[PDB]
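Colleague: sequence first, structure after; it's an experimental one.
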Amino acid sequence: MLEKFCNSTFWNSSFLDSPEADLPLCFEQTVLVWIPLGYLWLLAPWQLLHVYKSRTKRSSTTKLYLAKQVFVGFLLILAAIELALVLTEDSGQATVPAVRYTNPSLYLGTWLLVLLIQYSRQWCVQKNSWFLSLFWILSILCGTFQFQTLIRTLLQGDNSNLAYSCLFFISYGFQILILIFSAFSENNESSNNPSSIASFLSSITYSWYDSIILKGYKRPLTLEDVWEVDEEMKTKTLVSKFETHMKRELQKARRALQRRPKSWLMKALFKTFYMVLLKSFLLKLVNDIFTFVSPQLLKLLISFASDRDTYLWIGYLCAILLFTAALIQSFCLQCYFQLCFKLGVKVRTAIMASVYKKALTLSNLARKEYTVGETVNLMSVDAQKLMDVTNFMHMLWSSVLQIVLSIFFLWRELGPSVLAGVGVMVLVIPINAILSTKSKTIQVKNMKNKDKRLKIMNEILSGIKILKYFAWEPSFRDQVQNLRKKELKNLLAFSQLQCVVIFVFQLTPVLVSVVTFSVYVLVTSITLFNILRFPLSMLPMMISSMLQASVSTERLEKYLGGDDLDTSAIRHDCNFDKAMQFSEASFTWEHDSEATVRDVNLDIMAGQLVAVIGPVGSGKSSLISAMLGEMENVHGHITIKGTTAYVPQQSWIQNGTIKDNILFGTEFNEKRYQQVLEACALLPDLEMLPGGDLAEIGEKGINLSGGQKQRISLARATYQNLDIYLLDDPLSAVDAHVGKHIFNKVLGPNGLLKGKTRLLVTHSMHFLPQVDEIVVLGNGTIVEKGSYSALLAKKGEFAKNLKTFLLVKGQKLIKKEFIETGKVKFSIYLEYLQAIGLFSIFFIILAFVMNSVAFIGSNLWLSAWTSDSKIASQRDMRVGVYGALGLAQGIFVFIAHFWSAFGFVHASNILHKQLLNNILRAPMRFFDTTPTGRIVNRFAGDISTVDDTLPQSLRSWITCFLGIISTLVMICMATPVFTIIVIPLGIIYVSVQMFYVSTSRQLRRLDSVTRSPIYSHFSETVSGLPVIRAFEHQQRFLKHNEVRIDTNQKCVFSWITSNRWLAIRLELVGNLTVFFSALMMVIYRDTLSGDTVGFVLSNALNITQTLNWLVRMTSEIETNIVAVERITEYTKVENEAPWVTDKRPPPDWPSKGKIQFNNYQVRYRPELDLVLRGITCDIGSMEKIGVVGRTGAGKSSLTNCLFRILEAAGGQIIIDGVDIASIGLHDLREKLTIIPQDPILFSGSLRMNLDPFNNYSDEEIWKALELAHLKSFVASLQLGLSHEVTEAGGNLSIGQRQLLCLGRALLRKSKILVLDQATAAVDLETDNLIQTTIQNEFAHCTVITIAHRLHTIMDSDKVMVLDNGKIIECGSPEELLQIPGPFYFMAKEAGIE
Ligand SMILES: Nc1ncnc2c1ncn2[C@@H]1O[C@H](COP(=O)(O)OP(=O)(O)OP(=O)(O)O)[C@@H](O)[C@H]1O
Ligand SMILES: Nc1ncnc2c1ncn2[C@@H]1O[C@H](COP(=O)(O)OP(=O)(O)OP(=O)(O)O)[C@@H](O)[C@H]1O
Ligand SMILES: CC(C)CCC[C@@H](C)[C@H]1CC[C@H]2[C@@H]3CC=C4C[C@@H](O)CC[C@]4(C)[C@H]3CC[C@]12C
Ligand SMILES: CC(C)CCC[C@@H](C)[C@H]1CC[C@H]2[C@@H]3CC=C4C[C@@H](O)CC[C@]4(C)[C@H]3CC[C@]12C
Ligand SMILES: CC(C)CCC[C@@H](C)[C@H]1CC[C@H]2[C@@H]3CC=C4C[C@@H](O)CC[C@]4(C)[C@H]3CC[C@]12C
Ligand SMILES: CC(C)CCC[C@@H](C)[C@H]1CC[C@H]2[C@@H]3CC=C4C[C@@H](O)CC[C@]4(C)[C@H]3CC[C@]12C
Ligand SMILES: CC(C)CCC[C@@H](C)[C@H]1CC[C@H]2[C@@H]3CC=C4C[C@@H](O)CC[C@]4(C)[C@H]3CC[C@]12C
Ligand SMILES: [Mg+2]
Ligand SMILES: [Mg+2]
């Protein structure tokens, strides 16, 4: 009874039938005033409860909030006085309408709830939310109509409720004012990111990002200028949530394998993030619905102009509806896209952090498979592939929806003829199936080859000094080139298959459209067909994305399910009688191989210093590692009471100052720091360093000697002040004086650690009498355990062994990475295109043009065939000639794509070859100054970007440009002056492009400079896992990674937002221009010719869309070319001396050994000082000489300068009358042999490590191995010589590694040989045997020995001593011992005389 209540008519058809239309007022006084109010009411309580949940604190009284409350209150007072006037009018003995009395009460109750909502919000972080703004917008849109009819009525006649009309006008004015005041948002004393504090109208258009883009345009950006991320998007929250879900899923899925890591990391990811997958799904449906509604509005508008007897308001209503629909669709799409992209960033960050966290606790048997380079791949290429699958996920289902709905409209117009089209769709299926199943395995092969290449590259970058000392560059260059060739061969086939898929996808719709009407027997269309082809053109991108993502997900899931390390063997009982107990323990390094340590049982009380001695390969370090628990238990248990401290045999040094390394995360003191430095005799050397204590060290202690590194490690261990100390040979690199001082001042009967228990493993019998108990290990088991005197009395093996024995100047090292500032130089473009090949470009451009001309000719043929040719064989031919054009355009887009694939690969090949070749020829300063993180980043991320992203962008751009050229040519076919409307549009589109490019490019560069500190930190942690796990400093080594990941996330999020800002601008501009063009033709409704206004609209839409796409394609191209620009920098680095020069020495150049220095001077860097000065000496023919000096004197530098690693700063060195500075580097480094101080071994097999040239047979290798005392161990191995060695030679002990190095140097049989501490970790027996071997083998040679053990140096023709780079004494050892000097005192300290 609506009519009875309002005393009016529900709806009159003739009311709007007149040219002037006016809907009934009571309809508006009801439905229009119900929608807005109800929305506010039935939504209010839920938001009230939400505000109640998040009630934390009250903000200050913002002037804006007070003003808005005052305005609402005055509106409420206006409603109240209107109600009072209504009551007064009704009091005059009359019957007022029900609506006139109910309305004011409804308005009063509404304003009251608004006041509460506006107030309650004061307690929330966002003062203006979507609720009120949407309510205001709905109220304005509803009240527009009422105002229209009311004012019309007033114009017709003033005899009405003028007071009512006036109060309604002032009320509508309040509503407009309130909305205006709402979009404003105060700084709310909030200096954080303005993302949180943002009005809804200012948050749907990204108006809060204008400041960053303005400052980027004014001046180049800076890392400090990017606002920090939101609280939720930090690393810790995602890490915790994903860790919980992944652990639950892994625990659930591990039980299945028991019935037999099967299938997970897809359920866990879905379960962790399933809110974000719902909002995007909801938005996609709305976007699609608006996408299908808009064409109907356009068709109705174009049909309006067909008849000239229509009304006036139809066109304006259609234009307004079109504008509103386009705006809403744009806003929904942008939001949907941003949601998809952000979840992509969240999942990437979670994966990276989880991978790093898992890397800390992997078992040895599982860590032997994944090295540093392989894992660095998983946290770069694989994780990035997962970032790219989120954008094309919902479009899978969305495509099927749009296809089905569009097909329905065809059936409406035509009949079952369109239906038959599904048959072709059925065929499209198996073809994709066969092509995809065939292309999946190629990605796996490519991933494996990339893993191998990076594994080789990392070790190459780590071992640069030995490569140069040995001149092994070309072999490794060829080794890398072969793998690159294999990888490119694999990638080519994948590119071809992608081209075939694209061809099929592009060809199918044309034949479908042809066969739609092919069946003549049977019985805007093309517009929808074209629309329908849009969701059926980008599917190949979807297919590639999910294939790559599936392979990545498989390889990560395999990695993350690795075995842990068992710890239920080392019981930490604080309540223990002593401090160490072994109940017949037996541990093994491998899973189930032979037990390295067998049947060990011993116990040592607290405060006892015991020494562990034995032969090479006995198993001492294995025992200490078992104590740490790095081996797999087999039988027994070990009880440990207290903490532990570790001093590894291979010293590990971090990056930073010496003070930071010594502290190792501890409160700085003064009464203990000084004591530690002085006791470890690290004081004199520290004084000589350029920066003193605050001197930068480097990545692996490159800027240090061996003794300095060992003493730094010992000082750190003694400063940390733990309970149990496990020293593994800490007095090997130092000489007699320093060793005696350290033993008498740090660890011994009277030292710093006089109370803590000490367990030291040693090879020298000098400090044995001052110990408490000694143990002699043999074959992994204890042979004899007793005190010094007892063992000597036993007359056992101990007696036999003893009888045989008797910023200021140079603090800043690493320079900050230089970031190009400004535009990208055209030289980069010229270089890249030149690599692809100029001729190849010509063939493609010509082919794509043929596609366009055919497209144009095909469209012209459509135009001719339409209109019935101005009113059946001719018709049959006209219908028939469509597959010619379709097949033509398909084969043209095939040749273009196919031809491009061959080119891009050839370019990626040339670029990588040039980069590798140039990097391999840099000096040592560049290698020691920059960490390996930057080089690895350039070798992996940029190469992957060049391989993958650039082609697609470049192919896409050429399509768009030719598209406009074609569209422009078609438009200019007629209406010649129409070309003018393009110029203002061109300027408008160019302007936004020349304002967003500056910020987009600089954000890209900043991202690729903040990505390396993540790789640079993952390499120094893996190398020092035992120290970290022994010192229990694990929780500290994760906050650094979290910070380093958050820094990169900060740049990535800001980049994605900038893309959205540009789109919402370009789409708005296109909407506005399209709407403006449509209205003008509406005004000219009487001057139209043959309704030509029909197509003038269709053309405008296509033009704007292509223009918008191009302005988006060009920006991407620039940001991706930045990657090639960053690659190019490492191609023009300073080079060393020429490898081979015109000056060529004759064969057998070194017929004798007559090295003769002459006042040699050398400095390591041009900024540092001189390390060698006044060196004048002579080496006689085939003379055995020995050089001995205190640590830091420079002996290693002296023997290093013979290989031209450092250019001479004055003076010259001659070898048989031929100055060294006049020959090629490979003309000298080739003829000499040297065994470096630090033994470094490559990966692969033992044979490859012995000679990576295949120039020797097996028999000579066996003989050389016998000569180096390695026959027993090698023969006892399962595989004779094909045994694999882990990276950095972790599969062998130090003694075996040194013996292997000696055996390797024993093969080249050169003329000049130099020893550099070849017996550092070798027992005296083996030392004597190898000394006899060297004496009997290198008789016809010149040998230089650098050994701190004077036993070997005793027999030599000349003995040289060094102190600070200056030779002090020189002469025969007998003369030096006879005359009281430094050598006599050194020998007396050694106790040999
Ligand atoms: N990381 C490892 N992986 C596998 N096997 C290993 C590993 N380290 C050592 N081994 C095996 O254990 C043997 C003994 O090594 P270990 O380092 O314990 O001996 P060591 O006597 O302490 O050596 P050194 O005297 O050189 O310090 C090796 O020869 C090798 O067979
Ligand atoms: N790569 C380097 N860069 C800069 N300075 C260096 C570098 N290597 C060494 N030095 C400086 O030269 C000093 C001597 O180093 P060097 O290795 O030549 O001494 P050494 O007496 O031969 O050592 P050791 O006796 O332990 O073998 C170092 O203490 C350091 O001050
Ligand atoms: C407040 C805003 C949103 C209103 C938007 C619509 C406005 C511009 C429209 C709606 C109704 C329109 C009026 C309808 C009828 C007449 C009578 C005619 O003899 C002169 C124009 C005049 C007076 C129109 C002026 C423009 C008008 C007021
Ligand atoms: C829907 C929202 C967004 C906008 C509403 C605009 C409405 C109220 C406007 C748009 C076009 C207008 C019409 C345009 C032309 C005429 C013809 C004239 O002789 C009488 C008024 C009349 C019939 C107008 C009435 C008001 C009108 C229908
Ligand atoms: C309402 C806002 C949001 C959009 C702007 C709509 C504009 C284009 C509409 C609103 C009112 C309209 C006018 C209303 C009345 C008339 C009188 C009629 O004899 C000729 C058309 C003319 C002159 C209309 C032209 C178009 C018009 C000005
Ligand atoms: C199939 C492909 C490889 C054919 C080659 C296309 C060439 C001619 C195209 C592709 C990308 C284009 C570049 C894209 C972006 C810019 C930045 C702009 O500020 C100047 C023009 C410049 C530098 C373009 C020059 C022409 C260009 C290099
Ligand atoms: C849809 C609309 C808002 C898009 C219009 C593009 C606007 C944002 C662009 C187009 C031209 C641009 C201006 C072009 C030139 C200058 C002069 C320079 O010294 C300061 C920036 C300034 C003042 C630019 C500011 C941004 C600008 C006004
Ligand atoms: Mg050892
Ligand atoms: Mg040395």
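Modeller: Great, that's in hand. Residues are numbered from 1 along each chain as shown. Ligands and ions are numbered 1, 2, ... in the order given.

Colleague: any idea how far the closest residue to ligand 8 within the chain is from residue 776?
Modeller: Residue nearest to ligand 8 within the chain (CB to the ion): residue 621, separated by 3.5 Å. (Each C-beta comes from the backbone N, C-alpha and C, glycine too.) Residue 621 is 16 Å from residue 776, where distance means CB to CB, to the nearest Å.

Colleague: circling back to that earlier point, show me what the helix or strand harbouring the residue of the chain closest to ligand 8 is packed against.
Modeller: Taking DSSP states H and E as the definition, residue 621 sits inside helix 620-628. With contacts taken as 3 or more CB pairs under 8 Å, 6 or more residues apart in numbering; DSSP states H and E, helix 620-628 sits against strand 585-588, strand 597-600, strand 638-640, strand 724-728, strand 757-761, helix 1025-1030.

Colleague: as JSON lines, the ones you listed with mean neighbour count and distance to residue 1013 would be great.
Modeller: Listed next are those as JSON lines, based on neighbours: other CB atoms under 10 Å; distance: least, CB to CB, whole Å:
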{"stretch": "strand 585-588", "mean neighbour count": "22", "distance to residue 1013": "38"}
{"stretch": "strand 597-600", "mean neighbour count": "20", "distance to residue 1013": "40"}
{"stretch": "strand 638-640", "mean neighbour count": "19", "distance to residue 1013": "36"}
{"stretch": "strand 724-728", "mean neighbour count": "23", "distance to residue 1013": "32"}
{"stretch": "strand 757-761", "mean neighbour count": "22", "distance to residue 1013": "37"}
{"stretch": "helix 1025-1030", "mean neighbour count": "19", "distance to residue 1013": "19"}
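
Colleague: for residue 245, find the nearest of the ones you listed.
Modeller: With CB to CB, the closest approach to residue 245 among the helices and strands packed on helix 620-628 belongs to helix 1025-1030: 26.7 Å.

Colleague: so which elements touch that closest one?
Modeller: helix 620-628, strand 645-647.

Colleague: rerun that using 10 Å as the cut-off
Modeller: helix 620-628, strand 645-647, helix 706-720, helix 1036-1083 (3 or more CB pairs under 10 Å, 6 or more residues apart in numbering; DSSP states H and E).

Colleague: hang on, residue 797 packs against residue 777?
Modeller: No: using CB atoms under 10 Å, residue 797 is not in contact with residue 777, being 11.3 Å away.

Colleague: which residues do these two both contact?
Modeller: 615, 783-784 (CB atoms under 10 Å, 6 or more residues apart in numbering).

Colleague: ok so, going back, ok, residue 797 and residue 777, which is more surrounded?
Modeller: Ranked by neighbour count (other CB atoms under 10 Å), residue 797 and residue 777 place residue 777 first, with 22 against 14.

Colleague: Validate this expectation: that one resides in a strand.
Modeller: Yes: using DSSP: H, G, I helix; E, B strand; the rest coil, the secondary structure at residue 777 is a strand.

Colleague: helix/strand/coil for residue 21?
Modeller: Per three-state DSSP, residue 21 ends up coil.

Colleague: neighbours of it, just the number please.
Modeller: For residue 21, using other CB under 10 Å, the count is 12.

Colleague: hmm, it is touching residue 13, no?
Modeller: No: using CB under 10 Å, residue 21 makes no contact with residue 13, being 11.1 Å away.

Colleague: out of the shared contacts of residue 797 and residue 777, which end up buried?
Modeller: residue 615 (16 or more other CB atoms under 10 Å).

Colleague: near ligand 2, which of the shared contacts of residue 797 and residue 777 show up?
Modeller: For ligand 2, no contacts are drawn from those by CB under 6 Å from any ligand atom.

Colleague: nearest to residue 758, of the shared contacts of residue 797 and residue 777?
Modeller: Closest to residue 758 out of the shared contacts of residue 797 and residue 777 is residue 784 (20.4 Å), distances taken as CB to CB.

Colleague: that closest one sits in which helix or strand?
Modeller: According to DSSP H and E, residue 784 maps onto strand 781-786.

Colleague: what about the residue of the stretch 151-300 of the chain found nearest ligand 6, neighbour count?
Modeller: The minimum distance from the stretch 151-300 of the chain to ligand 6, using CB to the nearest ligand atom, falls at residue 217 (15.5 Å). Neighbour count for residue 217, taken as other CB under 10 Å: 15.

Colleague: could you measure from the closest residue to it other than its chain neighbours over to ligand 6?
Modeller: Of all residues not flanking residue 217 in the chain, residue 998 sits nearest, at 5.2 Å (CB to CB, 6 or more residues apart in numbering). Noted for residue 998: a distance of 12 Å to ligand 6, by CB to the nearest ligand atom, to the nearest Å.

Colleague: pick out the residue nearest the middle of this protein.
Modeller: For the chain, residue 380 is the residue whose C-alpha lies nearest the centre (CA atoms, centre = their mean; 4.5 Å).

Colleague: need the nearest residue in space to the residue in the stretch 501-650 of the chain that ligand 2 sits nearest to, chain neighbours excluded.
Modeller: Per CB to the nearest ligand atom, residue 650 is where the stretch 501-650 of the chain lies closest to ligand 2, at 14.8 Å. Excluding the flanking residues, the one nearest residue 650 by CB to CB, 6+ apart is residue 1294, at 7.4 Å.

Colleague: correct me, but that neighbour touches residue 761?
Modeller: No: applying CB under 10 Å, one finds residue 1294 not in contact with residue 761, separated by 11.1 Å.

Colleague: give me the common contacts of the two.
Modeller: Here residue 1294 and residue 761 have 621, 649, 728-729 as joint contacts, going by CB under 10 Å, 6+ apart.

Colleague: which two from the residues you listed end up farthest apart in space?
Modeller: 621 and 729 (8.8 Å).

Colleague: now do the shared contacts for these two.
Modeller: 648-649, 761, 1294.

Colleague: about what we covered before: let me see the contact set for the residue of the stretch 501-650 of the chain closest to ligand 2.
Modeller: Residue 650 makes contact with 621, 709, 713, 728, 1023-1024, 1026, 1238-1239, 1288-1290, 1294, 1297, 1321, according to CB under 10 Å, 6+ apart.

Colleague: which SSE is residue 1345 in?
Modeller: strand 1342-1346.

Colleague: residues in contact with stretch 6-24?
Modeller: 2-3, 25-27, 29-30, 32, 95, 97-100, 145-146, 148-149, 152-153, 156, 310-313.

Colleague: buried subset of those, written for PyMOL?
Modeller: Buried residues among the contacts of stretch 6-24 (16+ other CB under 10 Å), as a PyMOL selection:
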select buried, resi 25+26+27+29+30+32+97+99+100+146
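
Colleague: which single residue in the stretch 301-450 of the chain comes nearest to ligand 1?
Modeller: The nearest approach of the stretch 301-450 of the chain to ligand 1 comes at residue 364, 6.8 Å away (CB to the nearest ligand atom).

Colleague: do the stretch 151-300 of the chain as well
Modeller: Counting by CB to the nearest ligand atom, the stretch 151-300 of the chain gets nearest ligand 1 through residue 261, at 24.5 Å.

Colleague: same deal with the stretch 951-1100 of the chain?
Modeller: In the stretch 951-1100 of the chain, the residue that lies nearest ligand 1 is residue 1026 (10.7 Å; CB to the nearest ligand atom).

Colleague: name every strand pairing with the strand holding residue 1345 and say which way it goes.
Modeller: The strands beside strand 1342-1346 in its sheet (DSSP bridges) come out as strand 1184-1189 (parallel), strand 1312-1316 (parallel).

Colleague: and residue 441, which of the ones you listed is closest to it?
Modeller: With CB to CB, the closest approach to residue 441 among the strands paired with strand 1342-1346 belongs to strand 1312-1316: 49.1 Å.

Colleague: right, and the helix or strand after the helix or strand residue 81 falls within?
Modeller: If you go by DSSP H and E, residue 81 is part of helix 63-90. Helices and strands here follow DSSP H and E; after helix 63-90, the next one along the chain is helix 98-120.
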